[PDB]
Structures are given as structure tokens and as C-alpha cells.
Participant: 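Sharing a structure with you now.
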Amino acid sequence: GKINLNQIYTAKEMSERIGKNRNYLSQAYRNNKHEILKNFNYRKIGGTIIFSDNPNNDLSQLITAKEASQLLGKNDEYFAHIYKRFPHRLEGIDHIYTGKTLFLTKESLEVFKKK
DNA sequence: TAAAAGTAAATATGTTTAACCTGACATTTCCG
DNA sequence: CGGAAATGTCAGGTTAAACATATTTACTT
């Protein structure tokens with residue numbers, strides 16, 4: 001449905017946000033630790049596990065920049081290049097850089113197509 | 001004048017892996 | 001045509017996650 005990019009974190013970020021070690025939620029994810037995981041919305045997208053405290057955030061709306069580039073017929077680094085070199089071209093295009101992975105949303109890819 | 005020792009699970013640490021962005025540059029497309 | 005903007009190549013570097021192993025906690029005997 002909808003997603004608030006101000007409320008999403010990597011596993012490492014959310015781990016330190018809840019006061020645990022950098023690898024806490026990754027270990028919980030890998031070892032199926034439901035007692036920990038059940039408190040969060042999470043989903044591994046590309047090489048990043050996205051976490052949110054807000055259960056109303058539909059993380060399946062996130063698409064990696066490489067996936068978005070391919071959906072437009074472009075080279076794999078298409079959106080990474082716009083983000084890094086021509087960021088005015090992303091104004092009004094929801095996106096979030098999380099460190100290993102740059103993300104757009106399904107909705108903001110549609111807005112970009114129209115542009 | 002309880003403590004020590006054992007323990008399995010939880011949590012943390014160090015090291016490596018794979019994602020995929022970065023960065024310099026090349027080439028193609030747009031539009032006067 | 002011609003310059004500018006858009007989009008492409010690819011090695012390599014930086015990152016979060018994975019992995020392997022150790023330490024700490026919580027608890028019992």
C-alpha cells in the first residue's frame with residue numbers, strides 16, 4: 001500500500017536503534033528467532049534487510065535501484081548514477097540510500113517514468 | 001556471617017562475502 | 001552539423017549481511 005521512508009532502517013541500524021549489537025537482527029533473521037522478529041515489519045530486499053517499527057509500512061513497495069533500472073530497460077547503474085551525479089532529477093521521486101543498497105518505491109518509479 | 005560451579009541461550013566480536021554503488025571516462029541521444 | 005545532456009562500460013572500493021567463534025547473561029545444582 002504505502003510506505004514512509006522516514007521510518008525504515010537496515011538490520012544494523014535497527015539493531016543499534018534498539019540498543020543491541022550491530023549484528024543482532026541479522027542473527028535473529030538468519031536463525032529464525034521469532035520471539036525477536038515478531039516485533040517488527042521486515043523484509044530482505046536485495047542485499048539489505050529492511051526493518052520498520054511501524055506495522056503500517058508495506059516494505060514490499062521498496063525496489064532496489066538496480067531492479068528499478070532494469071524495469072526501465074536501462075543499465076544496472078542507471079539510478080545509482082542519477083542519485084549520485086544528478087540528484088535534482090530525483091526531486092519528487094521517493095528514494096532512500098541505505099549504505100549498501102539504494103532504493104526507490106514502486107510508486108516513485110511510476111512518477112519517474114512519467115517525467 | 002552462602003558460594004561456587006555448571007549451563008544453554010542470548011548476545012557480542014572478528015573476519016569474510018556479495019551487493020552494488022563509485023568514479024573516471026566513453027558513447028549515444030536530443031534538439032537547437 | 002554541434003554542443004549538451006543522457007545513458008553506457010567496467011574495475012574497484014565501501015557497505016550491510018553473513019559467517020565463525022567467543023563472551024556474557026540468566027539460571028540451576
Side-chain angles (χ1 to χ4, degrees):
Chain A
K2 203 52 243 166
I3 189 176
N4 176 347
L5 296 193
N6 289 327
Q7 294 170 349
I8 73 104
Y9 303 94
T10 62
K12 175 173 153 169
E13 292 172 336
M14 184 67 80
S15 293
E16 303 187 16
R17 184 171 143 91
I18 64 176
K20 292 294 187 285
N21 77 80
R22 48 165 165 84
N23 206 239
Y24 183 82
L25 289 177
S26 165
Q27 284 173 45
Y29 179 82
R30 291 193 302 124
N31 292 322
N32 309 306
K33 297 294 198 189
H34 184 78
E35 52 280 351
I36 299 166
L37 295 170
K38 72 181 201 290
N39 309 308
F40 301 93
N41 278 26
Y42 59 95
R43 189 168 300 279
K44 190 169 189 186
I45 312 185
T48 298
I49 317 170
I50 298 288
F51 276 83
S52 179
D53 286 313
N54 179 2
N56 293 314
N57 271 328
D58 176 14
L59 309 180
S60 74
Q61 294 296 310
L62 292 168
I63 159 184
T64 70
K66 186 175 69 213
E67 290 161 356
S69 296
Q70 286 164 358
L71 283 169
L72 296 189
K74 300 307 193 239
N75 85 88
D76 282 356
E77 295 86 43
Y78 180 79
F79 275 115
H81 280 161
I82 290 171
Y83 158 83
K84 188 62 187 179
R85 296 155 60 192
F86 306 92
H88 60 281
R89 288 225 267 155
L90 291 182
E91 196 58 34
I93 310 301
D94 288 339
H95 66 280
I96 184 179
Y97 176 81
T98 65
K100 181 199 288 181
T101 307
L102 174 67
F103 291 96
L104 274 64
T105 67
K106 288 172 189 195
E107 188 263 354
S108 70
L109 178 61
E110 294 304 308
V111 174
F112 182 93
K113 284 172 182 165
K114 301 173 191 306
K115 256 64 159 169

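All chains are named by letter (A, B, ...) in the order of the sequence lines, taking the proteins before the strands, and each is independently numbered beginning at 1. Values below: all heavy atoms of this structure, side chains included; hydrogens, waters and symmetry mates excluded.
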Participant: Indicate yes or no: at least one non-hydrogen side-chain atom of A:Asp76 is less than 4.5 angstrom from one of A:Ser69.
Facilitator: no

Participant: At less than 4.0 Å, is any side-chain N or O atom of A:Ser26 found next to OP1 or OP2 of C:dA18? Yes or no.
Facilitator: yes

Participant: 5'-most contact on DNA chain C: A:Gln27 or A:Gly73, nearest heavy atom basis?
Facilitator: A:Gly73

Participant: Looking only at side chains, do A:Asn31 and A:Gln27 share a donor and an acceptor under 3.5 Å apart?
Facilitator: no

Participant: Check every nucleotide of DNA chain B for an atom under 4.0 Å from a heavy-atom of chain A, then give the first and the last such nucleotide from 5' to 3'.
Facilitator: B:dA10 to B:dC25

Participant: Residues from residues 79-101 of chain A sitting under 4.0 Å of DNA chain B, heavy atoms only?
Facilitator: A:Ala80, A:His81, A:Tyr83, A:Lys84, A:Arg85, A:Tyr97, A:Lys100, A:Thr101

Participant: Would a single hydrophobic cluster contain both A:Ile45 and A:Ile63, if residues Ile, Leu, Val, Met, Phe, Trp and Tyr are joined by side-chain heavy-atom contacts under 4.5 Å?
Facilitator: no

Participant: Is the closest side-chain heavy-atom distance between A:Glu110 and A:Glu107 below 4.5 Å?
Facilitator: no

Participant: Taking atom CD as the centre, does A:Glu35 end up with more than 12 heavy-atom neighbours from other residues, nucleotides or ligands that are less than 6.0 angstrom away?
Facilitator: yes

Participant: Students should be able to answer this: classify the pucker of B:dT7 from the sign of its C1'-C2'-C3'-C4' torsion, north or south.
Facilitator: north

Participant: Report yes if the side chains of A:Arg43 and A:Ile50 come closer than 4.5 Å at any heavy-atom pair, otherwise no.
Facilitator: no

Participant: State yes or no: do A:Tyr97 and A:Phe86 share one hydrophobic cluster built from I, L, V, M, F, W and Y residues joined by side-chain heavy-atom distances below 4.5 Å, directly or via other members?
Facilitator: no

Participant: With side chain to side chain contact (heavy atoms under 4.5 Å, CB included) as the test, pick out the partner of A:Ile3 among A:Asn57, A:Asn54, A:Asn56, A:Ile96.
Facilitator: A:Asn57

Participant: Could you report the tightest heavy-atom contact between A:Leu102 and A:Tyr83, atom names first, then the distance?
Facilitator: CD2-CB, 3.6 Å

Participant: Taking the side chain as every heavy atom from C-beta outward, state whether A:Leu5 and A:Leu62 have any atom pair closer than 4.5 Å.
Facilitator: yes

Participant: Compare all side-chain heavy atoms of A:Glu67 with those of A:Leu104 and state whether any distance is below 4.5 angstrom.
Facilitator: no

Participant: For DNA chain B, what are the stems built from at least three Watson-Crick or G-U pairs in a row, each pair having both distances below 3.5 Å?
Facilitator: B:4-32 with C:1-29

Participant: Using a cut-off of strictly less than 4.0 Å between a heavy atom of the residue and any atom of DNA chain B, enumerate the qualifying residues of residues 61-70 of chain A by number.
Facilitator: A:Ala65, A:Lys66

Participant: With sequence neighbours left out, write down each residue that passes ring pair (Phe, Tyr, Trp, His ring centres under 6.0 Å) with A:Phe51, or none if nothing qualifies.
Facilitator: A:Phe40, A:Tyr42

Participant: Do the side chains of A:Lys113 and A:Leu72 get nearer than 4.5 Å, heavy atoms only?
Facilitator: yes

Participant: Can you find a donor-acceptor N/O pair under 3.5 angstrom joining the side chain of A:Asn23 to the base of C:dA18?
Facilitator: yes

Participant: Within residues 11-21 of chain A, which residues have any heavy atom lying less than 4.0 Å from an atom of DNA chain B?
Facilitator: A:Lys20, A:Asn21

